[PDB]
>>> print(open('data-v8.cif').read())   # mmCIF, C-alpha atoms
data_data
#
loop_
_atom_site.group_PDB
_atom_site.id
_atom_site.type_symbol
_atom_site.label_atom_id
_atom_site.label_comp_id
_atom_site.auth_asym_id
_atom_site.auth_seq_id
_atom_site.Cartn_x
_atom_site.Cartn_y
_atom_site.Cartn_z
ATOM 1 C CA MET K 865 2.656 56.219 4.396
ATOM 2 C CA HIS K 866 -0.480 56.573 2.319
ATOM 3 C CA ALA K 867 1.078 58.195 -0.776
ATOM 4 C CA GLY K 868 4.195 56.035 -1.008
ATOM 5 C CA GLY K 869 2.827 52.806 0.386
ATOM 6 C CA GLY K 870 5.631 53.062 2.924
ATOM 7 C CA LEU K 871 3.280 51.912 5.662
ATOM 8 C CA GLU K 872 3.475 48.231 4.675
ATOM 9 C CA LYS K 873 7.224 48.474 4.102
ATOM 10 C CA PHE K 874 7.472 50.249 7.472
ATOM 11 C CA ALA K 875 5.810 47.134 8.865
ATOM 12 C CA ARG K 876 8.001 44.713 6.876
ATOM 13 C CA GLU K 877 11.173 46.372 8.098
ATOM 14 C CA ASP K 878 11.253 45.517 11.828
ATOM 15 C CA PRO K 879 12.085 41.940 12.921
ATOM 16 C CA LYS K 880 9.398 41.586 15.617
ATOM 17 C CA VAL K 881 6.522 43.119 13.697
ATOM 18 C CA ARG K 882 7.410 41.148 10.539
ATOM 19 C CA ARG K 883 6.937 37.906 12.447
ATOM 20 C CA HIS K 884 3.720 39.246 14.002
ATOM 21 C CA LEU K 885 2.033 40.372 10.777
ATOM 22 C CA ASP K 886 3.328 37.336 8.815
ATOM 23 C CA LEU K 887 1.820 35.070 11.443
ATOM 24 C CA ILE K 888 -1.491 36.898 11.211
ATOM 25 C CA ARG K 889 -1.334 36.588 7.343
ATOM 26 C CA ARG K 890 -0.721 32.789 7.054
ATOM 27 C CA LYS K 891 -3.580 32.277 9.507
ATOM 28 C CA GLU K 892 -5.607 34.552 7.192
ATOM 29 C CA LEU K 893 -4.916 32.387 4.088
ATOM 30 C CA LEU K 894 -6.014 29.199 5.825
ATOM 31 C CA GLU K 895 -9.196 30.809 7.185
ATOM 32 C CA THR K 896 -10.164 32.112 3.721
ATOM 33 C CA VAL K 897 -9.661 28.622 2.252
ATOM 34 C CA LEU K 898 -12.029 27.175 4.851
ATOM 35 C CA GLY K 899 -14.493 29.944 3.979
ATOM 36 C CA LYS K 900 -14.437 29.019 0.290
ATOM 37 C CA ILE K 901 -15.218 25.386 1.211
ATOM 38 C CA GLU K 902 -18.054 26.460 3.549
ATOM 39 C CA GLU K 903 -19.613 28.634 0.845
ATOM 40 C CA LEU K 904 -19.372 25.647 -1.469
ATOM 41 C CA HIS K 905 -21.406 23.441 0.882
ATOM 42 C CA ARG K 906 -24.051 26.170 0.969
ATOM 43 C CA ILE K 907 -24.307 26.662 -2.804
ATOM 44 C CA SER K 908 -24.965 22.933 -3.312
ATOM 45 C CA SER K 909 -26.971 21.434 -0.432
ATOM 46 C CA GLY K 910 -25.381 18.025 -1.043
ATOM 47 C CA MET V 865 -33.649 4.985 42.895
ATOM 48 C CA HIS V 866 -34.312 3.103 39.661
ATOM 49 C CA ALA V 867 -37.499 1.335 40.759
ATOM 50 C CA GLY V 868 -39.231 4.343 42.304
ATOM 51 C CA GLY V 869 -38.012 7.001 39.896
ATOM 52 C CA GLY V 870 -36.803 8.649 43.127
ATOM 53 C CA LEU V 871 -33.400 9.604 41.761
ATOM 54 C CA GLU V 872 -34.770 12.858 40.335
ATOM 55 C CA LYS V 873 -36.551 13.632 43.607
ATOM 56 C CA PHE V 874 -33.351 12.756 45.490
ATOM 57 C CA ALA V 875 -31.625 15.500 43.502
ATOM 58 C CA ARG V 876 -34.618 17.802 44.085
ATOM 59 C CA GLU V 877 -34.241 17.524 47.842
ATOM 60 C CA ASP V 878 -30.956 19.394 48.344
ATOM 61 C CA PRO V 879 -31.422 23.113 47.561
ATOM 62 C CA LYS V 880 -27.926 23.865 46.253
ATOM 63 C CA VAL V 881 -27.862 20.977 43.761
ATOM 64 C CA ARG V 882 -31.484 21.787 42.823
ATOM 65 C CA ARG V 883 -30.501 25.336 41.856
ATOM 66 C CA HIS V 884 -27.620 23.806 39.907
ATOM 67 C CA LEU V 885 -29.765 21.373 37.894
ATOM 68 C CA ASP V 886 -32.489 24.027 37.424
ATOM 69 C CA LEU V 887 -29.915 26.298 35.870
ATOM 70 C CA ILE V 888 -28.877 23.435 33.606
ATOM 71 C CA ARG V 889 -32.526 22.709 32.584
ATOM 72 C CA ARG V 890 -33.408 26.280 31.558
ATOM 73 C CA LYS V 891 -30.217 26.448 29.532
ATOM 74 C CA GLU V 892 -31.434 23.203 27.822
ATOM 75 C CA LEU V 893 -34.887 24.327 26.502
ATOM 76 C CA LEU V 894 -33.280 27.535 25.236
ATOM 77 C CA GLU V 895 -30.536 25.601 23.413
ATOM 78 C CA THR V 896 -33.031 23.314 21.641
ATOM 79 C CA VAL V 897 -35.039 26.325 20.457
ATOM 80 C CA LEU V 898 -31.916 28.037 19.074
ATOM 81 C CA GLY V 899 -31.015 24.793 17.297
ATOM 82 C CA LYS V 900 -34.390 24.732 15.561
ATOM 83 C CA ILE V 901 -33.927 28.380 14.537
ATOM 84 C CA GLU V 902 -30.441 27.656 13.121
ATOM 85 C CA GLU V 903 -31.831 24.724 11.149
ATOM 86 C CA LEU V 904 -34.609 26.974 9.792
ATOM 87 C CA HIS V 905 -32.142 29.644 8.698
ATOM 88 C CA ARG V 906 -30.127 26.924 6.971
ATOM 89 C CA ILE V 907 -33.263 25.707 5.171
ATOM 90 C CA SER V 908 -34.017 29.201 3.838
ATOM 91 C CA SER V 909 -30.447 30.042 2.821
ATOM 92 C CA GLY V 910 -29.081 26.760 1.439
#
>>> encode(input="data-v8.cif", output="structure tokens")
Amino acid sequence: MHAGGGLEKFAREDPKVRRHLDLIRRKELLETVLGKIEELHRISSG
Amino acid sequence: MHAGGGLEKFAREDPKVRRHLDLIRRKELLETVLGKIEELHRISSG
């Protein structure tokens, strides 16, 4: 797993767990976008 | 109730509802303090 990177492919391979981890990832992208906006409001008060 | 200011005392009279509103009041002063602290932290971070 750790030498070959076959952990993430091990995850990608199964139908159920692909949907689970993909769902968690898209949610992750949107959260990080919101975080970039929030940091922006802090760097410039107005 | 509105002329005598006796609405608040009317609530004070029943014990169960008095314990209820007392719980709500203590939660209030604590909230306003935390709000001031959050505003302060915002002032000294950006």
>>> resolve_selection(input="data-v8.cif", expression="the PyMOL selection byres ((chain K and resi 906) around 12)", output="PDB file with C-alpha atoms, keeping the file's coordinate frame")
ATOM      1  CA  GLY K 899     -14.493  29.944   3.979  1.00  0.00           C
ATOM      2  CA  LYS K 900     -14.437  29.019   0.290  1.00  0.00           C
ATOM      3  CA  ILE K 901     -15.218  25.386   1.211  1.00  0.00           C
ATOM      4  CA  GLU K 902     -18.054  26.460   3.549  1.00  0.00           C
ATOM      5  CA  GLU K 903     -19.613  28.634   0.845  1.00  0.00           C
ATOM      6  CA  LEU K 904     -19.372  25.647  -1.469  1.00  0.00           C
ATOM      7  CA  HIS K 905     -21.406  23.441   0.882  1.00  0.00           C
ATOM      8  CA  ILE K 907     -24.307  26.662  -2.804  1.00  0.00           C
ATOM      9  CA  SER K 908     -24.965  22.933  -3.312  1.00  0.00           C
ATOM     10  CA  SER K 909     -26.971  21.434  -0.432  1.00  0.00           C
ATOM     11  CA  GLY K 910     -25.381  18.025  -1.043  1.00  0.00           C
TER      12      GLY K 910
ATOM     13  CA  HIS V 905     -32.142  29.644   8.698  1.00  0.00           C
ATOM     14  CA  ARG V 906     -30.127  26.924   6.971  1.00  0.00           C
ATOM     15  CA  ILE V 907     -33.263  25.707   5.171  1.00  0.00           C
ATOM     16  CA  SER V 908     -34.017  29.201   3.838  1.00  0.00           C
ATOM     17  CA  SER V 909     -30.447  30.042   2.821  1.00  0.00           C
ATOM     18  CA  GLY V 910     -29.081  26.760   1.439  1.00  0.00           C
TER      19      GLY V 910
END
>>> calpha_fit_rmsd(input="data-v8.cif", fixed="chain K", moving="chain V")
1.3 Å
>>> atom_distance(input="data-v8.cif", atom1="atom CA of residue 865 of chain K", atom2="atom CA of residue 896 of chain K")
27.3 Å
>>> atom_distance(input="data-v8.cif", atom1="atom CA of residue 898 of chain V", atom2="atom CA of residue 892 of chain K")
29.6 Å
>>> residues_around(input="data-v8.cif", residues="residue 886 of chain K", least_positions_apart="5", cutoff="9 Å", atoms="only C-alpha atoms", output="VMD selection string")
chain K and resid 876 881 891
>>> decode(input="data-v8.cif", residues="segment 866-887 of chain K", atoms="N, CA, C and O atoms", output="PDB file, in the first residue's frame")
ATOM      1  N   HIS K 866       1.831   1.301   0.907  1.00  0.00           N
ATOM      2  CA  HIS K 866       2.590   2.535   1.069  1.00  0.00           C
ATOM      3  C   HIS K 866       3.713   2.664   0.033  1.00  0.00           C
ATOM      4  O   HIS K 866       4.032   3.780  -0.382  1.00  0.00           O
ATOM      5  N   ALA K 867       4.295   1.549  -0.396  1.00  0.00           N
ATOM      6  CA  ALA K 867       5.343   1.607  -1.422  1.00  0.00           C
ATOM      7  C   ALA K 867       4.765   1.841  -2.815  1.00  0.00           C
ATOM      8  O   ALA K 867       5.252   2.694  -3.555  1.00  0.00           O
ATOM      9  N   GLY K 868       3.734   1.086  -3.180  1.00  0.00           N
ATOM     10  CA  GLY K 868       3.162   1.165  -4.500  1.00  0.00           C
ATOM     11  C   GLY K 868       2.067   2.183  -4.704  1.00  0.00           C
ATOM     12  O   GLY K 868       1.597   2.364  -5.827  1.00  0.00           O
ATOM     13  N   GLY K 869       1.651   2.861  -3.640  1.00  0.00           N
ATOM     14  CA  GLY K 869       0.467   3.693  -3.729  1.00  0.00           C
ATOM     15  C   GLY K 869      -0.801   2.929  -4.012  1.00  0.00           C
ATOM     16  O   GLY K 869      -1.797   3.523  -4.422  1.00  0.00           O
ATOM     17  N   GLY K 870      -0.781   1.609  -3.815  1.00  0.00           N
ATOM     18  CA  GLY K 870      -1.941   0.785  -4.074  1.00  0.00           C
ATOM     19  C   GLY K 870      -3.024   0.891  -3.038  1.00  0.00           C
ATOM     20  O   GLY K 870      -4.021   0.176  -3.124  1.00  0.00           O
ATOM     21  N   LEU K 871      -2.842   1.744  -2.036  1.00  0.00           N
ATOM     22  CA  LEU K 871      -3.902   2.034  -1.084  1.00  0.00           C
ATOM     23  C   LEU K 871      -5.026   2.824  -1.756  1.00  0.00           C
ATOM     24  O   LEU K 871      -6.197   2.430  -1.670  1.00  0.00           O
ATOM     25  N   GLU K 872      -4.690   3.936  -2.402  1.00  0.00           N
ATOM     26  CA  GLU K 872      -5.709   4.761  -3.049  1.00  0.00           C
ATOM     27  C   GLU K 872      -6.381   4.034  -4.201  1.00  0.00           C
ATOM     28  O   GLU K 872      -7.597   4.182  -4.405  1.00  0.00           O
ATOM     29  N   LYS K 873      -5.627   3.241  -4.965  1.00  0.00           N
ATOM     30  CA  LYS K 873      -6.253   2.424  -5.997  1.00  0.00           C
ATOM     31  C   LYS K 873      -7.119   1.329  -5.377  1.00  0.00           C
ATOM     32  O   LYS K 873      -8.216   1.038  -5.877  1.00  0.00           O
ATOM     33  N   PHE K 874      -6.659   0.741  -4.263  1.00  0.00           N
ATOM     34  CA  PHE K 874      -7.482  -0.191  -3.502  1.00  0.00           C
ATOM     35  C   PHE K 874      -8.808   0.450  -3.139  1.00  0.00           C
ATOM     36  O   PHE K 874      -9.861  -0.194  -3.210  1.00  0.00           O
ATOM     37  N   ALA K 875      -8.785   1.724  -2.767  1.00  0.00           N
ATOM     38  CA  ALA K 875     -10.014   2.447  -2.485  1.00  0.00           C
ATOM     39  C   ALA K 875     -10.833   2.681  -3.756  1.00  0.00           C
ATOM     40  O   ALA K 875     -12.040   2.481  -3.763  1.00  0.00           O
ATOM     41  N   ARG K 876     -10.181   3.120  -4.829  1.00  0.00           N
ATOM     42  CA  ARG K 876     -10.882   3.428  -6.077  1.00  0.00           C
ATOM     43  C   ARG K 876     -11.562   2.211  -6.686  1.00  0.00           C
ATOM     44  O   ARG K 876     -12.446   2.359  -7.521  1.00  0.00           O
ATOM     45  N   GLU K 877     -11.150   1.018  -6.305  1.00  0.00           N
ATOM     46  CA  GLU K 877     -11.563  -0.167  -7.035  1.00  0.00           C
ATOM     47  C   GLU K 877     -12.996  -0.611  -6.715  1.00  0.00           C
ATOM     48  O   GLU K 877     -13.728  -1.059  -7.610  1.00  0.00           O
ATOM     49  N   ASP K 878     -13.414  -0.511  -5.460  1.00  0.00           N
ATOM     50  CA  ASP K 878     -14.728  -1.036  -5.067  1.00  0.00           C
ATOM     51  C   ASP K 878     -15.843  -0.036  -5.370  1.00  0.00           C
ATOM     52  O   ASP K 878     -15.655   1.169  -5.170  1.00  0.00           O
ATOM     53  N   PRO K 879     -17.007  -0.504  -5.828  1.00  0.00           N
ATOM     54  CA  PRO K 879     -18.090   0.437  -6.166  1.00  0.00           C
ATOM     55  C   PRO K 879     -18.587   1.265  -4.991  1.00  0.00           C
ATOM     56  O   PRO K 879     -18.753   2.482  -5.128  1.00  0.00           O
ATOM     57  N   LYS K 880     -18.843   0.641  -3.830  1.00  0.00           N
ATOM     58  CA  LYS K 880     -19.398   1.379  -2.698  1.00  0.00           C
ATOM     59  C   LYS K 880     -18.419   2.425  -2.188  1.00  0.00           C
ATOM     60  O   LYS K 880     -18.768   3.595  -1.996  1.00  0.00           O
ATOM     61  N   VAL K 881     -17.180   2.002  -1.925  1.00  0.00           N
ATOM     62  CA  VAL K 881     -16.215   2.894  -1.329  1.00  0.00           C
ATOM     63  C   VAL K 881     -15.764   3.986  -2.310  1.00  0.00           C
ATOM     64  O   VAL K 881     -15.324   5.060  -1.865  1.00  0.00           O
ATOM     65  N   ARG K 882     -15.869   3.751  -3.629  1.00  0.00           N
ATOM     66  CA  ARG K 882     -15.595   4.839  -4.567  1.00  0.00           C
ATOM     67  C   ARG K 882     -16.610   5.953  -4.413  1.00  0.00           C
ATOM     68  O   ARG K 882     -16.245   7.133  -4.358  1.00  0.00           O
ATOM     69  N   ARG K 883     -17.889   5.599  -4.333  1.00  0.00           N
ATOM     70  CA  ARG K 883     -18.916   6.613  -4.120  1.00  0.00           C
ATOM     71  C   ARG K 883     -18.737   7.313  -2.785  1.00  0.00           C
ATOM     72  O   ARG K 883     -18.961   8.524  -2.678  1.00  0.00           O
ATOM     73  N   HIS K 884     -18.344   6.575  -1.745  1.00  0.00           N
ATOM     74  CA  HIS K 884     -18.160   7.176  -0.422  1.00  0.00           C
ATOM     75  C   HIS K 884     -17.031   8.209  -0.426  1.00  0.00           C
ATOM     76  O   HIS K 884     -17.223   9.365  -0.048  1.00  0.00           O
ATOM     77  N   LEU K 885     -15.839   7.798  -0.870  1.00  0.00           N
ATOM     78  CA  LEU K 885     -14.693   8.697  -0.842  1.00  0.00           C
ATOM     79  C   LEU K 885     -14.793   9.823  -1.891  1.00  0.00           C
ATOM     80  O   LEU K 885     -14.257  10.918  -1.675  1.00  0.00           O
ATOM     81  N   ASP K 886     -15.462   9.567  -3.028  1.00  0.00           N
ATOM     82  CA  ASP K 886     -15.722  10.653  -3.981  1.00  0.00           C
ATOM     83  C   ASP K 886     -16.658  11.689  -3.386  1.00  0.00           C
ATOM     84  O   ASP K 886     -16.464  12.907  -3.575  1.00  0.00           O
ATOM     85  N   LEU K 887     -17.689  11.238  -2.676  1.00  0.00           N
ATOM     86  CA  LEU K 887     -18.593  12.159  -2.029  1.00  0.00           C
ATOM     87  C   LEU K 887     -17.853  13.021  -1.025  1.00  0.00           C
ATOM     88  O   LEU K 887     -17.954  14.254  -1.043  1.00  0.00           O
TER      89      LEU K 887
END
